[PDB]
Amino acid sequence: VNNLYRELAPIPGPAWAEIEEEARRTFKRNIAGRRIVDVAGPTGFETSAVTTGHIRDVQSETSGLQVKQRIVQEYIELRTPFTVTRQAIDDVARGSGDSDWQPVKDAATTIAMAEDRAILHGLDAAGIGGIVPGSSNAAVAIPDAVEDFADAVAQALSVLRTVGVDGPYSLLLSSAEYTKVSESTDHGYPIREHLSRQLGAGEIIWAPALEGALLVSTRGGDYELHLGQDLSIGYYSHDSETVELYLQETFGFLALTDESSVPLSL
Amino acid sequence: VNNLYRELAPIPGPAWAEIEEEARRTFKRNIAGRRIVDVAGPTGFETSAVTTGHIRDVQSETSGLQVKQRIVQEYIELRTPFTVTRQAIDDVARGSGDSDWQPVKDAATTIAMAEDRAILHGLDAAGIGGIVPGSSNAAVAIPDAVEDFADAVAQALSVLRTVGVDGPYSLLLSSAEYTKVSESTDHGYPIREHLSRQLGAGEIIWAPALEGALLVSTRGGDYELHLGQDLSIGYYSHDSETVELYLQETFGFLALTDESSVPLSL
Amino acid sequence: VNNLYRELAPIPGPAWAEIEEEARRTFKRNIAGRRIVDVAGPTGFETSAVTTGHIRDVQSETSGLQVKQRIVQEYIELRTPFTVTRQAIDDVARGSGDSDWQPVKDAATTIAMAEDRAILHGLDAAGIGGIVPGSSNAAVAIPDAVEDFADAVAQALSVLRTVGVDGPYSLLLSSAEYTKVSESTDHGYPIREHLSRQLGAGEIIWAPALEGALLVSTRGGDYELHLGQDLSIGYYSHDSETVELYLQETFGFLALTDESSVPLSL
């Protein structure tokens, strides 16, 4: 057994497969930061830090002795617990195809939104710097009319061309802004296709953890997600009616390049 | 070239070998912590932290989300710069065997004493916990008479037997206490041989960075020195008369077991 | 060692690779003349001239003796010096991925803009004739409305068809004009795509060293860039805090055909 105590859960193999499939499917559709960030692959639960390669002066009074200390970013562990009824678990073996996995879907939505909220807006209680507050480019204001949003995106593209950052540009929209863009037309054809012709092999991302919008280069050396443990399901507890489980991820995140993104502020 | 800019120093190969030999020889005789601590070998300049395997609660307000952060110890870099005259360097090629390497000897003494001072007494400006302030055993008082020091060492051995720690025991003495023990007899034979019969395949260490004395088990799982870069000579600067160099080490240190050492207080 | 004194710079290999990558990446995105001009490849630092194949009468008073002198264009050397802090250089070996290379980016922008300014507008202090002042076609005036710029480009295309120059036509825009064209629509679709349908396998170039715009044939025998030394990084000087470096290029440039370009004047 490992720290996920999976062999102690009263859950047969095919019920495990269904819980896993709902977790993976819901998590993947709600993660947006992984599509724009270099993802150093999962290196295990035991890894704890990624260095920034910077040092810091340490106070010393010994004559002729200089002390530095390295600076790292310690990995955060995210955990979302969820409770599953044992009747759905047991009904999998009777041939049910409609067992209630809505708690695992809610947990996968919560952990995906927490991961994108750490990557995009930072987590200051742990010293994670997000892409949006670390951007050195000023925020281009989102207009209240959706017919001017393509002009705001072209202004952000001219900002990124002006500061010397060229690559494929992805545009991450918040759920409200993605909704406004998906439910609007300008000359008979939708505003999402007004946006997708400006990008040119960059994509338009629904980012439900974002607030406004974010234009970002997928140049490929600017943001680093250091995944320790990828999305894993663990066991916590059970009684006669329910099994208590959790989802878990460990990672560090480093936003190296400040200039390669333009926030679109609400 | 690497971060030690050795190929830019105006120092021929055989002068480099003499500086290296004086540095290694002086450093090894003055290090005492490496003889009692498990030394995980040099893993390079790039390593920056060793995990403690402990986590810490991070403040979060998202419903159903728990955030932890790993806890590591960031490596410290020690640097001792020293200046060598170019006349000694150049005289090596004329066949001199008495070139002045006293600055490198002073630098090696300083960096060895800084390393043992970090291991034994801690470095609180960097969060290194030393063996002596981390000891859970109370301090056995060193008597002012050197004829009672063997009784203090036997009392410390009974402390270590009482708390259930048995292995070969090493006894690290400060330079003043090592001097008092080496310059004293009790029944015609020296007090260092009164001490060495109590230890029984443990050794008596001269530890010039210590203040009083320290009895410690070499059981072999209690203290971990995580060497990043071992003792290296780097180049800094030169003028027509002198070359400015430095010695460098990077390491983390973890004192796992609090109970396996008894301080002997002055 | 060669005239770039690279082996004397206190810069390790991987820091050199990062400086090189930033220099190449910034230089390539800011050069526009190399995309329209035949580039005779780099022949080395030692080459000094390219002939124009024309001669000139020399004054002689000897009876029955005619003296001519060949006419060449001497290569120019461009040098942009930049200073890099040694802390960024040294942090590369500690695993930093955010070392400050903004000085090399500013230097690469400056040397790319100087090269395009020599190719496009000439360098009269060295006798380089640019494409724009050497054009025998009159300037088609850029309208102040961006909705008429496609009509100005069609007028310039009819000029080039009228003087008998047909090939793929590229359109080089200044940064202001490229910005106005990228941030504008005419019937729901951008003005850059109004321009790109007139060209027909010719491209639309952002040329930040240009003033107005320039339509030009890539017929393929009209303009010759004779590269002596391609973009190279050299070492100049260093102190304890910074290394002084430079970027360098050597080239001659010949604009053979006057008729194959139409300037679009501001």
# chains A, B, ... in the order shown; residues from 1 in each chain; ligands from 1
>>> closest_atom_pairs(of="chain A", to="chain B", cutoff="7 Å", atoms="only C-alpha atoms", output="tab-separated table")
residue	atom	partner	partner_atom	distance
A:48	CA	B:70	CA	5.7
A:51	CA	B:48	CA	6.2
A:58	CA	B:125	CA	6.2
A:59	CA	B:125	CA	6.2
A:64	CA	B:80	CA	5.7
A:65	CA	B:80	CA	4.9
A:66	CA	B:79	CA	5.0
A:67	CA	B:78	CA	4.8
A:68	CA	B:77	CA	4.9
A:69	CA	B:76	CA	4.3
A:70	CA	B:74	CA	5.5
A:71	CA	B:74	CA	6.6
A:74	CA	B:70	CA	5.5
A:75	CA	B:70	CA	5.7
A:76	CA	B:69	CA	4.3
A:77	CA	B:68	CA	4.9
A:78	CA	B:67	CA	4.8
A:79	CA	B:66	CA	5.0
A:80	CA	B:65	CA	4.9
A:81	CA	B:64	CA	6.5
A:125	CA	B:59	CA	6.2
A:126	CA	B:58	CA	6.6
>>> write_last_selection(atoms="N, CA, C and O atoms", output="short mmCIF file (atom, residue, chain, number, x, y, z; two decimals), in the first residue's frame")
data_model
loop_
_atom_site.label_atom_id
_atom_site.label_comp_id
_atom_site.auth_asym_id
_atom_site.auth_seq_id
_atom_site.Cartn_x
_atom_site.Cartn_y
_atom_site.Cartn_z
N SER A 48 9.60 17.86 -3.22
CA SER A 48 9.12 18.86 -2.30
C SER A 48 9.40 20.29 -2.71
O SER A 48 8.77 21.19 -2.15
N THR A 51 13.95 24.69 -7.28
CA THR A 51 14.78 25.86 -7.04
C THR A 51 14.42 27.00 -7.98
O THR A 51 13.94 26.80 -9.10
N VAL A 58 22.93 35.77 3.96
CA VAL A 58 22.72 35.33 5.33
C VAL A 58 23.64 36.14 6.23
O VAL A 58 24.80 36.39 5.87
N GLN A 59 23.13 36.57 7.37
CA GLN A 59 23.91 37.36 8.31
C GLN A 59 24.98 36.50 8.97
O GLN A 59 24.69 35.45 9.55
N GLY A 64 35.95 37.23 7.12
CA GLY A 64 36.34 36.51 5.92
C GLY A 64 35.45 35.35 5.55
O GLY A 64 35.92 34.40 4.92
N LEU A 65 34.17 35.40 5.91
CA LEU A 65 33.22 34.34 5.60
C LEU A 65 31.94 34.95 5.06
O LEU A 65 31.33 35.81 5.70
N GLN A 66 31.54 34.50 3.87
CA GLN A 66 30.30 34.94 3.25
C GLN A 66 29.34 33.77 3.20
O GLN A 66 29.71 32.68 2.75
N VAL A 67 28.12 33.98 3.68
CA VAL A 67 27.10 32.94 3.70
C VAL A 67 25.94 33.36 2.80
O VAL A 67 25.39 34.45 2.97
N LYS A 68 25.58 32.49 1.87
CA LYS A 68 24.38 32.63 1.07
C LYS A 68 23.42 31.50 1.42
O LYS A 68 23.83 30.48 1.96
N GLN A 69 22.15 31.68 1.12
CA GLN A 69 21.18 30.60 1.19
C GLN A 69 20.43 30.55 -0.13
O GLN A 69 20.00 31.59 -0.63
N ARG A 70 20.29 29.35 -0.68
CA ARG A 70 19.48 29.12 -1.87
C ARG A 70 18.02 29.47 -1.60
O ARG A 70 17.56 29.52 -0.46
N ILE A 71 17.29 29.74 -2.67
CA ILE A 71 15.88 30.09 -2.60
C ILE A 71 15.11 29.09 -3.45
O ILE A 71 15.36 28.98 -4.65
N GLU A 74 8.62 25.73 -2.34
CA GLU A 74 8.09 24.48 -1.82
C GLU A 74 6.75 24.13 -2.47
O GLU A 74 5.88 24.98 -2.63
N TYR A 75 6.62 22.86 -2.83
CA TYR A 75 5.42 22.36 -3.49
C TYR A 75 4.21 22.46 -2.58
O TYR A 75 4.30 22.30 -1.36
N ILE A 76 3.09 22.73 -3.16
CA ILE A 76 1.85 22.70 -2.40
C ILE A 76 1.13 21.41 -2.69
O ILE A 76 1.22 20.85 -3.79
N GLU A 77 0.43 20.91 -1.68
CA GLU A 77 -0.47 19.77 -1.82
C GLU A 77 -1.90 20.30 -1.78
O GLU A 77 -2.29 20.97 -0.82
N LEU A 78 -2.67 19.98 -2.80
CA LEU A 78 -4.09 20.31 -2.86
C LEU A 78 -4.88 19.04 -2.57
O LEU A 78 -4.58 17.99 -3.14
N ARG A 79 -5.87 19.12 -1.69
CA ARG A 79 -6.72 17.97 -1.41
C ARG A 79 -8.19 18.37 -1.40
O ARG A 79 -8.58 19.28 -0.67
N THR A 80 -8.99 17.68 -2.21
CA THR A 80 -10.44 17.86 -2.20
C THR A 80 -11.13 16.57 -1.79
O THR A 80 -11.18 15.62 -2.60
N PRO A 81 -11.68 16.49 -0.59
CA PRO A 81 -12.40 15.28 -0.19
C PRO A 81 -13.85 15.24 -0.66
O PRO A 81 -14.53 16.26 -0.75
N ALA A 125 -0.48 32.96 0.17
CA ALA A 125 -0.23 32.30 1.44
C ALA A 125 0.83 31.21 1.34
O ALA A 125 1.29 30.72 2.37
N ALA A 126 1.22 30.82 0.12
CA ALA A 126 2.29 29.86 -0.10
C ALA A 126 3.42 30.42 -0.95
O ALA A 126 4.38 29.70 -1.24
#
>>> select_by_dssp(residues="region 84-187 of chain C", states="helix (DSSP H, G or I)", output="PDB file with N, CA and C atoms, in the first residue's frame")
ATOM      1  N   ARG C  86      26.916  39.784 -13.620  1.00  0.00           N
ATOM      2  CA  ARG C  86      27.483  38.478 -13.358  1.00  0.00           C
ATOM      3  C   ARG C  86      26.586  37.624 -12.474  1.00  0.00           C
ATOM      4  N   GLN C  87      25.645  38.237 -11.749  1.00  0.00           N
ATOM      5  CA  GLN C  87      24.701  37.483 -10.932  1.00  0.00           C
ATOM      6  C   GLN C  87      23.750  36.643 -11.784  1.00  0.00           C
ATOM      7  N   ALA C  88      23.278  37.173 -12.918  1.00  0.00           N
ATOM      8  CA  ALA C  88      22.451  36.382 -13.832  1.00  0.00           C
ATOM      9  C   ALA C  88      23.237  35.230 -14.451  1.00  0.00           C
ATOM     10  N   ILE C  89      24.478  35.521 -14.860  1.00  0.00           N
ATOM     11  CA  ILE C  89      25.390  34.525 -15.419  1.00  0.00           C
ATOM     12  C   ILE C  89      25.609  33.385 -14.431  1.00  0.00           C
ATOM     13  N   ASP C  90      25.931  33.733 -13.182  1.00  0.00           N
ATOM     14  CA  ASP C  90      26.216  32.750 -12.143  1.00  0.00           C
ATOM     15  C   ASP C  90      24.963  32.007 -11.699  1.00  0.00           C
ATOM     16  N   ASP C  91      23.799  32.658 -11.754  1.00  0.00           N
ATOM     17  CA  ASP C  91      22.556  32.004 -11.388  1.00  0.00           C
ATOM     18  C   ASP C  91      22.120  30.952 -12.389  1.00  0.00           C
ATOM     19  N   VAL C  92      22.575  31.031 -13.647  1.00  0.00           N
ATOM     20  CA  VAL C  92      22.316  29.954 -14.614  1.00  0.00           C
ATOM     21  C   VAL C  92      22.797  28.592 -14.084  1.00  0.00           C
ATOM     22  N   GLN C 102      17.522  41.076 -20.637  1.00  0.00           N
ATOM     23  CA  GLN C 102      17.038  42.299 -21.280  1.00  0.00           C
ATOM     24  C   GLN C 102      18.108  43.186 -21.933  1.00  0.00           C
ATOM     25  N   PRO C 103      19.348  43.340 -21.410  1.00  0.00           N
ATOM     26  CA  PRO C 103      20.359  44.066 -22.205  1.00  0.00           C
ATOM     27  C   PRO C 103      20.706  43.418 -23.534  1.00  0.00           C
ATOM     28  N   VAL C 104      20.697  42.088 -23.619  1.00  0.00           N
ATOM     29  CA  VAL C 104      21.098  41.483 -24.882  1.00  0.00           C
ATOM     30  C   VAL C 104      19.945  41.633 -25.862  1.00  0.00           C
ATOM     31  N   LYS C 105      18.714  41.644 -25.342  1.00  0.00           N
ATOM     32  CA  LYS C 105      17.532  41.833 -26.164  1.00  0.00           C
ATOM     33  C   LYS C 105      17.478  43.247 -26.723  1.00  0.00           C
ATOM     34  N   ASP C 106      17.850  44.235 -25.902  1.00  0.00           N
ATOM     35  CA  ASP C 106      17.914  45.616 -26.364  1.00  0.00           C
ATOM     36  C   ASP C 106      19.006  45.796 -27.410  1.00  0.00           C
ATOM     37  N   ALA C 107      20.154  45.141 -27.208  1.00  0.00           N
ATOM     38  CA  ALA C 107      21.236  45.190 -28.184  1.00  0.00           C
ATOM     39  C   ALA C 107      20.857  44.502 -29.495  1.00  0.00           C
ATOM     40  N   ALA C 108      20.138  43.378 -29.428  1.00  0.00           N
ATOM     41  CA  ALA C 108      19.736  42.677 -30.642  1.00  0.00           C
ATOM     42  C   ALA C 108      18.703  43.475 -31.418  1.00  0.00           C
ATOM     43  N   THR C 109      17.802  44.153 -30.701  1.00  0.00           N
ATOM     44  CA  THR C 109      16.847  45.055 -31.328  1.00  0.00           C
ATOM     45  C   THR C 109      17.551  46.217 -32.018  1.00  0.00           C
ATOM     46  N   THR C 110      18.563  46.796 -31.358  1.00  0.00           N
ATOM     47  CA  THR C 110      19.310  47.916 -31.928  1.00  0.00           C
ATOM     48  C   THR C 110      20.095  47.508 -33.177  1.00  0.00           C
ATOM     49  N   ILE C 111      20.760  46.353 -33.151  1.00  0.00           N
ATOM     50  CA  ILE C 111      21.564  45.969 -34.307  1.00  0.00           C
ATOM     51  C   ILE C 111      20.677  45.501 -35.471  1.00  0.00           C
ATOM     52  N   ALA C 112      19.524  44.873 -35.187  1.00  0.00           N
ATOM     53  CA  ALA C 112      18.590  44.497 -36.242  1.00  0.00           C
ATOM     54  C   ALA C 112      17.968  45.723 -36.895  1.00  0.00           C
ATOM     55  N   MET C 113      17.665  46.742 -36.093  1.00  0.00           N
ATOM     56  CA  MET C 113      17.111  47.970 -36.639  1.00  0.00           C
ATOM     57  C   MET C 113      18.154  48.759 -37.415  1.00  0.00           C
ATOM     58  N   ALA C 114      19.421  48.705 -37.000  1.00  0.00           N
ATOM     59  CA  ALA C 114      20.483  49.352 -37.763  1.00  0.00           C
ATOM     60  C   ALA C 114      20.715  48.657 -39.097  1.00  0.00           C
ATOM     61  N   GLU C 115      20.627  47.327 -39.118  1.00  0.00           N
ATOM     62  CA  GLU C 115      20.824  46.597 -40.365  1.00  0.00           C
ATOM     63  C   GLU C 115      19.696  46.876 -41.353  1.00  0.00           C
ATOM     64  N   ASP C 116      18.445  46.852 -40.879  1.00  0.00           N
ATOM     65  CA  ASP C 116      17.333  47.189 -41.762  1.00  0.00           C
ATOM     66  C   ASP C 116      17.323  48.658 -42.147  1.00  0.00           C
ATOM     67  N   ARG C 117      17.816  49.545 -41.285  1.00  0.00           N
ATOM     68  CA  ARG C 117      17.902  50.948 -41.657  1.00  0.00           C
ATOM     69  C   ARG C 117      18.959  51.177 -42.726  1.00  0.00           C
ATOM     70  N   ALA C 118      20.038  50.394 -42.709  1.00  0.00           N
ATOM     71  CA  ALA C 118      21.025  50.485 -43.780  1.00  0.00           C
ATOM     72  C   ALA C 118      20.483  49.917 -45.085  1.00  0.00           C
ATOM     73  N   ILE C 119      19.769  48.792 -45.022  1.00  0.00           N
ATOM     74  CA  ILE C 119      19.265  48.167 -46.244  1.00  0.00           C
ATOM     75  C   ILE C 119      18.131  48.993 -46.855  1.00  0.00           C
ATOM     76  N   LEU C 120      17.197  49.457 -46.033  1.00  0.00           N
ATOM     77  CA  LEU C 120      15.985  50.071 -46.562  1.00  0.00           C
ATOM     78  C   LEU C 120      16.172  51.549 -46.882  1.00  0.00           C
ATOM     79  N   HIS C 121      16.774  52.321 -45.986  1.00  0.00           N
ATOM     80  CA  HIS C 121      16.915  53.754 -46.195  1.00  0.00           C
ATOM     81  C   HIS C 121      18.334  54.195 -46.501  1.00  0.00           C
ATOM     82  N   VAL C 146      -7.398  54.151 -42.786  1.00  0.00           N
ATOM     83  CA  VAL C 146      -6.865  52.809 -42.984  1.00  0.00           C
ATOM     84  C   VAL C 146      -7.737  51.999 -43.940  1.00  0.00           C
ATOM     85  N   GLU C 147      -8.974  52.427 -44.176  1.00  0.00           N
ATOM     86  CA  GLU C 147      -9.849  51.755 -45.126  1.00  0.00           C
ATOM     87  C   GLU C 147      -9.473  52.002 -46.584  1.00  0.00           C
ATOM     88  N   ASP C 148      -8.568  52.936 -46.867  1.00  0.00           N
ATOM     89  CA  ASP C 148      -8.106  53.200 -48.225  1.00  0.00           C
ATOM     90  C   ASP C 148      -6.708  52.650 -48.489  1.00  0.00           C
ATOM     91  N   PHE C 149      -6.095  52.011 -47.488  1.00  0.00           N
ATOM     92  CA  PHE C 149      -4.735  51.517 -47.643  1.00  0.00           C
ATOM     93  C   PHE C 149      -4.661  50.366 -48.636  1.00  0.00           C
ATOM     94  N   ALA C 150      -5.704  49.535 -48.707  1.00  0.00           N
ATOM     95  CA  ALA C 150      -5.750  48.486 -49.720  1.00  0.00           C
ATOM     96  C   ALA C 150      -5.812  49.074 -51.126  1.00  0.00           C
ATOM     97  N   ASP C 151      -6.475  50.221 -51.284  1.00  0.00           N
ATOM     98  CA  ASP C 151      -6.470  50.913 -52.566  1.00  0.00           C
ATOM     99  C   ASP C 151      -5.106  51.495 -52.901  1.00  0.00           C
ATOM    100  N   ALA C 152      -4.382  52.014 -51.902  1.00  0.00           N
ATOM    101  CA  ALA C 152      -3.014  52.467 -52.151  1.00  0.00           C
ATOM    102  C   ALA C 152      -2.097  51.305 -52.536  1.00  0.00           C
ATOM    103  N   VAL C 153      -2.292  50.142 -51.915  1.00  0.00           N
ATOM    104  CA  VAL C 153      -1.487  48.973 -52.255  1.00  0.00           C
ATOM    105  C   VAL C 153      -1.824  48.469 -53.659  1.00  0.00           C
ATOM    106  N   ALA C 154      -3.096  48.533 -54.059  1.00  0.00           N
ATOM    107  CA  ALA C 154      -3.473  48.155 -55.420  1.00  0.00           C
ATOM    108  C   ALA C 154      -2.927  49.141 -56.452  1.00  0.00           C
ATOM    109  N   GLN C 155      -2.838  50.426 -56.093  1.00  0.00           N
ATOM    110  CA  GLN C 155      -2.216  51.407 -56.980  1.00  0.00           C
ATOM    111  C   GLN C 155      -0.723  51.142 -57.145  1.00  0.00           C
ATOM    112  N   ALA C 156      -0.054  50.755 -56.058  1.00  0.00           N
ATOM    113  CA  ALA C 156       1.366  50.423 -56.133  1.00  0.00           C
ATOM    114  C   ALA C 156       1.597  49.145 -56.936  1.00  0.00           C
ATOM    115  N   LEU C 157       0.672  48.186 -56.831  1.00  0.00           N
ATOM    116  CA  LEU C 157       0.747  46.974 -57.641  1.00  0.00           C
ATOM    117  C   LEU C 157       0.543  47.273 -59.120  1.00  0.00           C
ATOM    118  N   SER C 158      -0.336  48.231 -59.444  1.00  0.00           N
ATOM    119  CA  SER C 158      -0.505  48.615 -60.841  1.00  0.00           C
ATOM    120  C   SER C 158       0.710  49.370 -61.367  1.00  0.00           C
ATOM    121  N   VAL C 159       1.389  50.147 -60.511  1.00  0.00           N
ATOM    122  CA  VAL C 159       2.676  50.753 -60.878  1.00  0.00           C
ATOM    123  C   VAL C 159       3.699  49.676 -61.238  1.00  0.00           C
ATOM    124  N   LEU C 160       3.831  48.658 -60.380  1.00  0.00           N
ATOM    125  CA  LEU C 160       4.823  47.612 -60.621  1.00  0.00           C
ATOM    126  C   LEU C 160       4.483  46.757 -61.835  1.00  0.00           C
ATOM    127  N   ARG C 161       3.197  46.554 -62.116  1.00  0.00           N
ATOM    128  CA  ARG C 161       2.798  45.879 -63.343  1.00  0.00           C
ATOM    129  C   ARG C 161       3.036  46.754 -64.569  1.00  0.00           C
ATOM    130  N   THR C 162       2.905  48.071 -64.412  1.00  0.00           N
ATOM    131  CA  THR C 162       3.081  48.998 -65.520  1.00  0.00           C
ATOM    132  C   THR C 162       4.545  49.093 -65.939  1.00  0.00           C
ATOM    133  N   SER C 175       6.117  50.041 -38.103  1.00  0.00           N
ATOM    134  CA  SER C 175       5.439  49.568 -36.898  1.00  0.00           C
ATOM    135  C   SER C 175       4.131  50.312 -36.652  1.00  0.00           C
ATOM    136  N   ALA C 176       4.101  51.617 -36.932  1.00  0.00           N
ATOM    137  CA  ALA C 176       2.861  52.383 -36.818  1.00  0.00           C
ATOM    138  C   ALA C 176       1.820  51.920 -37.833  1.00  0.00           C
ATOM    139  N   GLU C 177       2.247  51.683 -39.073  1.00  0.00           N
ATOM    140  CA  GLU C 177       1.323  51.265 -40.118  1.00  0.00           C
ATOM    141  C   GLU C 177       0.902  49.812 -39.943  1.00  0.00           C
ATOM    142  N   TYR C 178       1.824  48.958 -39.495  1.00  0.00           N
ATOM    143  CA  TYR C 178       1.473  47.582 -39.160  1.00  0.00           C
ATOM    144  C   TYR C 178       0.487  47.537 -38.001  1.00  0.00           C
ATOM    145  N   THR C 179       0.646  48.436 -37.028  1.00  0.00           N
ATOM    146  CA  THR C 179      -0.289  48.521 -35.910  1.00  0.00           C
ATOM    147  C   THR C 179      -1.673  48.957 -36.373  1.00  0.00           C
ATOM    148  N   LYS C 180      -1.735  50.001 -37.213  1.00  0.00           N
ATOM    149  CA  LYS C 180      -3.009  50.484 -37.747  1.00  0.00           C
ATOM    150  C   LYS C 180      -3.705  49.430 -38.599  1.00  0.00           C
ATOM    151  N   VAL C 181      -2.936  48.629 -39.329  1.00  0.00           N
ATOM    152  CA  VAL C 181      -3.544  47.608 -40.169  1.00  0.00           C
ATOM    153  C   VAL C 181      -3.992  46.405 -39.335  1.00  0.00           C
ATOM    154  N   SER C 182      -3.239  46.059 -38.290  1.00  0.00           N
ATOM    155  CA  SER C 182      -3.600  44.934 -37.437  1.00  0.00           C
ATOM    156  C   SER C 182      -4.760  45.248 -36.502  1.00  0.00           C
TER     157      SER C 182
END
>>> residues_around(residues="residue 197 (chain B)", least_positions_apart="4", cutoff="12 Å", atoms="only C-alpha atoms", output="count of residues only")
14
>>> residues_around(residues="residue 141 (chain B)", least_positions_apart="5", cutoff="8 Å", atoms="only C-alpha atoms", output="PDB file with C-alpha atoms, in the first residue's frame")
ATOM      1  CA  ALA B 152      31.521  13.375  33.580  1.00  0.00           C
ATOM      2  CA  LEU B 264      29.041  18.557  28.115  1.00  0.00           C
ATOM      3  CA  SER B 265      28.660  22.189  29.092  1.00  0.00           C
ATOM      4  CA  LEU B 266      31.465  24.522  30.086  1.00  0.00           C
TER       5      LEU B 266
END
>>> closest_residue(among="B:189, B:236, B:223, B:101", to="residue 21 (chain B)", atoms="only C-alpha atoms")
B:101
>>> select_by_dssp(residues="region 13-173 of chain A", states="strand (DSSP E)", output="NGL selection string")
:A and (38-40 or 49-58 or 66-74 or 76-85 or 140-141 or 169-173)
>>> closest_residue(among="A:205, A:134, A:187, A:45", to="residue 4 (chain A)", atoms="only C-alpha atoms")
A:45
>>> residues_around(residues="residue 213 (chain A)", least_positions_apart="3", cutoff="6 Å", atoms="only C-alpha atoms", output="MDAnalysis selection string")
chainID A and resid 172:174 264
>>> write_last_selection(atoms="N, CA, C and O atoms", output="JSON list (two decimals), in the first residue's frame")
[["chain", "number", "residue", "atom", "x", "y", "z"],
["A", 172, "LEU", "N", -7.09, 33.10, -23.03],
["A", 172, "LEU", "CA", -7.84, 32.44, -21.98],
["A", 172, "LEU", "C", -8.95, 33.37, -21.53],
["A", 172, "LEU", "O", -8.67, 34.51, -21.16],
["A", 173, "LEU", "N", -10.18, 32.90, -21.57],
["A", 173, "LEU", "CA", -11.31, 33.71, -21.16],
["A", 173, "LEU", "C", -11.92, 33.15, -19.88],
["A", 173, "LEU", "O", -11.94, 31.93, -19.67],
["A", 174, "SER", "N", -12.41, 34.04, -19.03],
["A", 174, "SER", "CA", -13.24, 33.62, -17.92],
["A", 174, "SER", "C", -14.56, 33.07, -18.44],
["A", 174, "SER", "O", -14.92, 33.27, -19.60],
["A", 264, "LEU", "N", -6.27, 41.06, -19.61],
["A", 264, "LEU", "CA", -7.43, 41.80, -20.10],
["A", 264, "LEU", "C", -8.35, 41.97, -18.91],
["A", 264, "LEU", "O", -9.02, 41.02, -18.49]]
>>> closest_residue(among="B:255, B:262, B:39, B:31", to="residue 227 (chain B)", atoms="only C-alpha atoms")
B:39
>>> atom_distance(atom1="CA of residue 12 (chain C)", atom2="CA of residue 17 (chain B)")
22.8 Å
